[PDB]
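Presented below, as structure tokens, is a lone chain in the form deposited in one PDB entry.
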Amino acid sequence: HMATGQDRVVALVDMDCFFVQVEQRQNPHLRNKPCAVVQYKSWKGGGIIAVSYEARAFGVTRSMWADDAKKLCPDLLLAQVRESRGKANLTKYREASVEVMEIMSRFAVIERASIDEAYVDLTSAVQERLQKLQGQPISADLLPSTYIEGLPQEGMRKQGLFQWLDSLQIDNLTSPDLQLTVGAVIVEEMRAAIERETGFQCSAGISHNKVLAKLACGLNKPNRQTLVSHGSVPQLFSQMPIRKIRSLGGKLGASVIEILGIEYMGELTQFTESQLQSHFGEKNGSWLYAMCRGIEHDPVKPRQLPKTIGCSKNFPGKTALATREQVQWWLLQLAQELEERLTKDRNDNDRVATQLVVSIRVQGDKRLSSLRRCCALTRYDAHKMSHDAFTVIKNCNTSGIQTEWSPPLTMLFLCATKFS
């Protein structure tokens, strides 16, 4: 069933207001109440980074000062992420993420895609489950939080699910729609286990590829899951913004919109594959041709040890690193965080990083990074690493006066790679 890109069952799981839920687990009084998670900033109580769904009803959004949100939601409760060596401390979140990932790994192999989301390949689990119950159909009681995109044509959810279930093939075990339905069953079980063992809620999307799973996950949030079938793709794409498709959120997507004069994914269906290749190249033209028809093949890649570990910090405008002392201090601060993480990495995976990449951005440069250089990473010593990084970046101070740094630095980035 590859010709129609219905060969796999893929799901994407995304935690609802992840940081808020981890905080609600520590301090119970914040549960089922409007609350938020802020990064302490002296001005206005600090910026808000995670908002509960209860608080979103009052118009609360991320990137807005706590006091202004207070005005919008006076009952609003606050949780504050600790700050360390100029950045947020996410140990708590990484550990909760690991908990959930381990729980998901029991049902099918996963691909960790971020701190709060992961792809799941259920093809094998769907086959094995298909043999386990044959002939008896699938009752709606196994899909308490599943939405069937496009149907019908909390009450609506049940009516659409009934219309979906009444038409599912029963005997053809290779039926794409049946495989998706079973995948949604397994995801319902997965999420039930996750809640039971951690108290966390989440959403999921079930379809045939990563792109459709990602779109399906966001259709019915929170604490709900959405199944997007191949037959529902035309309707779903009829008004789906091109820039909302995974990998098309940047320049390529903008280019498609500008060159073809279209806004929705579904409009790409009218162009021929040769036209798309003549305008975007063989590879992107063919990819777009199949993607606008719901076909995509990026495989779900199991456990993978990260290829890099790094951290950085930006110093915009006034904050730009101007003296030599400042650059030395921030390099040391970054290296100390790096050391902490590299140490945990070596403890958990018995591998050591052999290369240190230093990257910096000078004030006034439009590029993301002004330059990058590499040196050996022999010892997990923040002090040593700080001096090595300084040595590769020292040439960049184009000023004979030792009293300052020129041009100033607006970004410092340290990264450990070449693991072995």
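We number the residues from 1 along the sequence you see. In this text, rigid core is short for the largest set of C-alphas that superpose within 1.5 Å between two forms.
According to the PDB entry, the deposited sequence contains 10 or more residues between residue 153 and residue 154 that lack coordinates.
Stretch comparison (269-277 versus 134-142) by mean CA B-factor in the PDB entry places 134-142 on top. Comparing the deposited coordinates for 157-165 and 212-220, the stretch with the larger average C-alpha B-factor is 157-165.
For the set 283, 297, 230, 106, the PDB entry assigns the largest Cα B-factor to 106. When the Cα B-factors of 254, 236, 96, 305 are read from the PDB record, 305 comes out highest. Among the modelled residues of its chain, residue 409 has a C-alpha B-factor that falls in the middle third, as given in the PDB entry.
The entry lists a Cα temperature factor for residue 83 that places it in the highest third of the chain's modelled residues. In this PDB entry, the Cα temperature factor of residue 391 sits in the middle third of its chain's modelled residues. Among the modelled residues of the chain, residue 383 sits in the lowest third by CA temperature factor in this PDB entry. Among the modelled residues of the chain, residue 243 sits in the lowest third by CA temperature factor in this PDB entry.
Just so you know, the form deposited in another entry exists too; it's not on screen, but the next bit is about it.
No residue in 332, 260, 77, 165 other than 77 shows a CA shift of 2 angstroms or more between the shown form and the other one after fitting the rigid core. Once you line up the core between the shown form and the other one, the Cα of residue 132 stays within less than 2 Å of where it was. Comparing the forms between the shown form and the other one on their rigid core, the Cα displacement of residue 86 reaches 2 Å or more.
The two forms, fitted on the rigid core, differ between the shown form and the other one by 2 Å or more at the CA of residue 306.
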